[PDB]
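Quick notes on the structure that follows.
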Protein chains: 2
Amino acid sequence: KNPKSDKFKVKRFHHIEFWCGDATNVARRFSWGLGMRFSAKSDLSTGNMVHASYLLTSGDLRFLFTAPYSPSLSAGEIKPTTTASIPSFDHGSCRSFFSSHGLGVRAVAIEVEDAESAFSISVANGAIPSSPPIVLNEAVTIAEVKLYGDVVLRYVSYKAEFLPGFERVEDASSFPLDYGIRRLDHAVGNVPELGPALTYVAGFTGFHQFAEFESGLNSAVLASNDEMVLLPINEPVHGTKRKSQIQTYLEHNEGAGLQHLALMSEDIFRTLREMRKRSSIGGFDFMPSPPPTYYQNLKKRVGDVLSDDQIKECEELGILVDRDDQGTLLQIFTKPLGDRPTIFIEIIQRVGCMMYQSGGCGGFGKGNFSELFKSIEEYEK
Amino acid sequence: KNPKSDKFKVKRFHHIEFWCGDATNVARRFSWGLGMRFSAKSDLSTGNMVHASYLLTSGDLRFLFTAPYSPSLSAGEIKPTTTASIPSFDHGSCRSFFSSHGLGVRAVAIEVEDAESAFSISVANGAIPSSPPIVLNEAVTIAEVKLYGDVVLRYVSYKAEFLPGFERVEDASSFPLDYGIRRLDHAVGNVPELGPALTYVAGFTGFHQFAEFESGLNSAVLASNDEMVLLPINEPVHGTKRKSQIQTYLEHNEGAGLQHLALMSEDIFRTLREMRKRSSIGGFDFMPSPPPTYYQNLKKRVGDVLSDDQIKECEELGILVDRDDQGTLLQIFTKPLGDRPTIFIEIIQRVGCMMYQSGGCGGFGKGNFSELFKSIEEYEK
Ligand SMILES: Cc1c(C(=O)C2=C(O)CCCC2=O)ccc2c1c(=O)n(CCCCc1ccccc1)c(=O)n2C
Ligand SMILES: Cc1c(C(=O)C2=C(O)CCCC2=O)ccc2c1c(=O)n(CCCCc1ccccc1)c(=O)n2C
Ligand SMILES: [Co+2]
Ligand SMILES: [Co+2]
């Protein structure tokens with residue numbers, strides 16, 4: 001059931017912004033590890049005396065990495081005279097965010113029809129304002145409201161190239177890396193209490209609950225009208241046998257924040273081959289692979305979707321597989337992206353639900369919690 | 001002239017420590033960009049609840065990357081009960097250092113015969129103490145004094161594997177990258193006034209001035225007894241035609257700090273080939289190459305040291321060449337390592353002064369300031 005109750009017109013995920021200590025080093029690491037190309041910049045070389053911001057792209061996926069310069073460079077500026085390209089940026093907020101949470105997502109940005117309207121409607125419906133609508137070069141409007149913890153939901157709308165004030169990157173500095181990642185599928189928050197988090201976000205967006213089907217969590221998913229913007233939220237389940245990874249997150253993150261970004265690949269086999277080649281030479285590591293029993297058990301569960309060779313390819317790469325009543329999900333998880341056991345990345349590809357492919361086809365892999373557990377125990381004996 | 005006036009016994013450069021916001025991402029970037037392998041770690045997985053520290057090595061070169069965790073993880077600790085492996089570390093100092101200066105060198109560490117004695121003698125001779133001598137597992141002693149700005153000179157001495165509390169890194173996580181870098185040749189500070197900086201450092205070390213032979217700088221070099229520890233210091237020259245890069249450094253760094261690290265390569269051609277292959281895929285960029293006139297002029301200046309083919313190889317890679325009365329220097333400079341136009345890296349190789357090779361053979365390339373200028377002007381016409 002999809003009541004299509006969005007209170008404003010939402011299009012697609014637009015970009016994800018990381019707040020960093022040094023944007024250069026994070027962006028270069030992510031570019032190599034994920035196969036994303038350097039696409040735009042806003043920094044000292046473009047006249048920005050406030051923050052350094054670097055944009056990586058792969059297909060429609062946009063990762064933005066931002067860090068503050070010394071406030072002394074912009075001491076004489078005021079907001080009306082700012083050289084910042086992102087008017088919501090604040091030195092003190094950025095440093096406090098990073099000192100509190102470490103490296104992580106500050107902004108989940110969605111493209112909307114009218115960011116000014118989306119902001120007004122959201123706040124009228126309970127959203128806590130974070131940054132009011134600002135029109136950039138009469139061309140792009142940006143606004144922000146609080147999502148959870150210190151993460152904001154950023155609205156962007158275009159009259160009609162990332163943002164005014166950003167420059168396209170020189171061809172020589174823009175190596176065309178591509179491991180097959182194409183868009184952001186979903187962005188997941190960890191909170192202490194799921195109930196109030198859902199009520200708050202669903203309250204100001206009109207996003208509806210997306211239908212699902214001792215893991216340490218309870219979860220629910222909020223979706224836009226066409227279910228292409230997908231925002232799952234988790235809370236811990238306490239007293240468990242093994243300590244909840246949601247609770248570990250909240251402790252090391254100093255509270256609620258973004259837990260994982262799921263990146264859709266047009267060819268998850270090639271993406272995982274390319275990322276795993278680079279794990280130990282600057283890229284990303286992956287969670288330990290499931291035992292062979294997990295892949296033996298794949299034949300009975302998805303043998304009508306994947307050949308034995310394609311299942312064997314899943315086993316080589318450590319890929320997990322889950323299935324809905326509608327579609328099939330191939331997924332895998334990186335180890336944490338930085339120092340803290342907080343944010344990580346999921347790579348996914350979805351099979352089925354053709355009409356284009358409908359959003360969330362195959363679910364989010366929650367069935368893999370028990371299938372992993374079963375496969376571990378079976379492999380022991 | 002070398003009066004050999006060290007006030008304590010100094011051996012070699014031991015390691016350089018960067019203070020980071022996220023040590024994981026900087027270390028992974030540097031590892032790929034410079035060809036250094038992951039060698040040791042001290043972090044949550046080793047019981048360190050205070051800081052994450054990752055050690056890269058290439059030959060004898062040791063780069064340490066450290067960032068603080070949330071203070072909440074270690075809230076119940078006191079110094080006598082600390083889980084930090086580096087007892088001088090302080091959350092507040094680290095965050096203040098990084099917020100003030102951005103990514104950069106906190107510690108220039110030299111191995112000494114007795115770090116306790118070196119510290120006492122240094123402070124008795126005017127050194128400003130930063131962290132007193134601490135004995136780690138009855139095996140290693142570490143002490144720190146102020147060098148310039150917020151950079152410390154760290155003394156380390158061993159009774160007899162990096163530091164107690166560090167673990168050797170798993171073979172699978174330790175890819176054996178190597179582009180030929182072998183040791184730290186010199187570490188350079190930028191200060192507002194060279195005179196007092198030299199008097200202070202030479203005062204507490206007994207290091208002597210190393211003999212040299214409109215660039216924006218005045219410079220001098222302090223050296224240990226065998227001239228293997230080399231600490232150049234620069235100050236700006238104001239009112240210049242082009243603005244002094246030393247002054248730009250001080251403005252963007254918020255004052256004095258480490259300007260560049262010079263890394264000796266056993267094969268600068270191979271190092272530069274490997275680093276340049278990786279510049280646009282996560283590694284380091286290099287300064288713009290000199291015009292062909294610079295390499296035409298090489299034949300008259302070093303044609304007795306390098307063949308035409310080796311000079312042509314310098315031209316392919318953008319390598320600079322300078323010469324002493326004793327030796328020849330091959331050198332090249334990276335663009336800044338992070339967001340701010342502050343710290344950068346120099347790759348060098350020295351030809352001559354065989355006895356082993358004596359320290360500083362060929363100088364530091366100051367002759368390349370005028371040779372660059374001349375070659376630029378000549379190439380214009
Ligand atoms: C996150 C995840 C998902 C997932 O995507 C997701 C949603 O999108 C929304 C619904 C709730 C939810 O869970 C599905 C299955 C997972 C996992 C997962 O995380 N794990 C491993 C634990 C430890 C990994 C880890 C890696 C790095 C750092 C910390 C923890 C699994 O085993 N399954 C099987
Ligand atoms: C540093 C450097 C050295 C050098 O090593 C050095 C010493 O060891 C001690 C003595 C003083 C000194 O100078 C020698 C020659 C250099 C340079 C140098 O820097 N430049 C370029 C300017 C701009 C580069 C830059 C790169 C990245 C960011 C900011 C500035 C040169 O042209 N020559 C020719
Ligand atoms: Co997911
Ligand atoms: Co130098």
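Here, each number is a calculation from the coordinates, and none is a lab measurement. Ideal geometry is used to build each Cβ from the backbone, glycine not excepted, and the neighbour counts take in all protein chains shown.
The table below gives the values:
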read-out	value
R0 of 56 Å, Cβ-Cβ distance residue A:226-residue B:45: FRET efficiency to nearest 0.05	0.85
Least to most buried among A:50, A:221, B:135 (fewest other Cβ within 10 Å first)	B:135, A:221, A:50
Mean shadow area of the stretch B:171-311 over all directions, Cα convex hull, nm²	12.8
q = 0.12, 0.20, 0.22, 0.27 Å⁻¹: log10 I(q)/I(0) that the Debye formula gives for the stretch A:276-351, counting C-alpha atoms only	-0.38, -0.90, -1.01, -1.28
Ranked A:314, B:361, B:20, criterion: other C-beta atoms within 10 Å, fewest first	B:361, A:314, B:20
Amide N proximity, the stretch A:70-87 versus residue A:137 label position 7 Å along Cα-to-Cβ, cut-off under 18 Å	A:81-87
Label point 7 Å beyond Cα along the C-beta direction, distances from residue A:374 to other copies (nm, shortest first)	8.0
Residue A:369 versus residue B:313: modelled label distance in nm, points set 7 Å from Cα along the beta carbon direction	6.0
Order by protection proxy (mean Cβ within 10 Å, highest first), peptides A:338-348, A:89-99, B:302-312	A:338-348, A:89-99, B:302-312
Euclidean distance of C-alpha centroids, the stretch A:28-100 and the stretch B:1-80, integer Å	27
Bridge type composition, the stretch B:1-178 - antiparallel percent by DSSP, nearest 5	80
Test item: Cα-centred dipole of the protein assembly as shown, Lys/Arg +1 and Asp/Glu -1 on Cβ, debye	0
Only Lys, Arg (+1) and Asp, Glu (-1) charged, at Cβ; the stretch A:33-118 dipole about Cα centre in debye	400
Estimated inter-spin distance, residue B:214 and residue B:77, nm [label 7 Å along Cα→Cβ]	5.5
Position residue A:173, label points 7 Å along Cα→Cβ, spacing to each other copy in nm (shortest first, one decimal)	3.3
Set B:243/B:374; B:312/B:335; A:241/B:41; B:312/B:366 screened for pairs whose C-alpha atoms are more than 20 Å apart	B:312/B:335; A:241/B:41; B:312/B:366
Rough spin-label spacing in nm, given labels placed 7 Å along Cα→Cβ, for residue B:158 and residue B:100	3.3
Inter-copy label distances at residue A:355 (7 Å, Cα→Cβ; nm, one decimal)	8.0
Innermost chain A residue relative to the axis carrying A onto B, by Cβ distance in angstrom	A:21, 1
Charge dipole magnitude, Cβ of K and R +1, D and E -1 - the stretch B:298-381, Cα centre, debye nearest 20	200
Under 9 Å, Cβ to Cβ, from residue B:366 - net charge with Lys/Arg +1 and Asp/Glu -1	-2
